[PDB]
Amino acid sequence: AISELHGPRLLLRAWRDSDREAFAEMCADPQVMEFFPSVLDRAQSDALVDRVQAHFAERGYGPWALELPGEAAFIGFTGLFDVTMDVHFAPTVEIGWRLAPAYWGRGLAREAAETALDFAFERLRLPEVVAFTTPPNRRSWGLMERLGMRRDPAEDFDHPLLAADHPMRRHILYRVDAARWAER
């Protein structure tokens, strides 16, 4: 079944149709040009939600919609995605996050990620979870290292789903294993 998880503040849940509106708004915001070359139109936003909902439908877990009881129905997503692409560290499971700027600076992505990794190791019994981003995305790989995920620069890779001359091609790899997760 589609796993519903609970943080102290956050509800990690399956996506609803109403979430597409809120996600599209996030992805149209000029502040996303810090992370992406250009803002997303509704068709692009909807294309990613389709991938998320496909993953949930096929696997029973995925990047959970973030509900904040007392505040907002949807502030972004955080959760697990199967790595199936042809890279050195695949097959494995990655953790990813996209938060509305209004909810930055509150440890909410931190809380969401801890809840997802608790699920990853205690429930799914995964040997490891990975994360990857571009070198300039300090906010994203900052959260990875604050979670206790660790990077080997030797494991830097070209993203095989991006063309050769794509500026974001070069990615850095973070890992956390069941063992290191228990140490917190």
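Quick note: we count residues from 1 along the sequence shown, nothing fancier. Rigid core here is just the name for the largest C-alpha set that superposes within 1.5 Å across the two forms.
Once the rigid core is used to overlay the structures in 4 other deposited structures of this protein, the stretch among 37-45 and 53-61 whose CA atoms lie farther from this form is 37-45. Between 12-20 and 158-166, the larger mean CA deviation from the shown form in 4 other deposited structures of this protein, after core superposition, belongs to 158-166.
For the two regions 110-118 and 78-86, the entry's Cα B-factors average higher over 110-118. Mean C-alpha B-factor is higher over 172-180 than over the other stretch, the pair under comparison being 19-27 and 172-180.
Ranked by Cα temperature factor within the chain, residue 51 sits in the lowest third according to the deposited record. When the CA B factors of the chain's modelled residues are split into thirds, the value for residue 35 lands in the highest one. The entry lists a Cα temperature factor for residue 10 that places it in the highest third of the chain's modelled residues. In this PDB entry, the Cα temperature factor of residue 143 sits in the middle third of its chain's modelled residues. Ranked against the other modelled residues of its chain, the C-alpha B-factor of residue 124 as given in the entry falls in the highest third.
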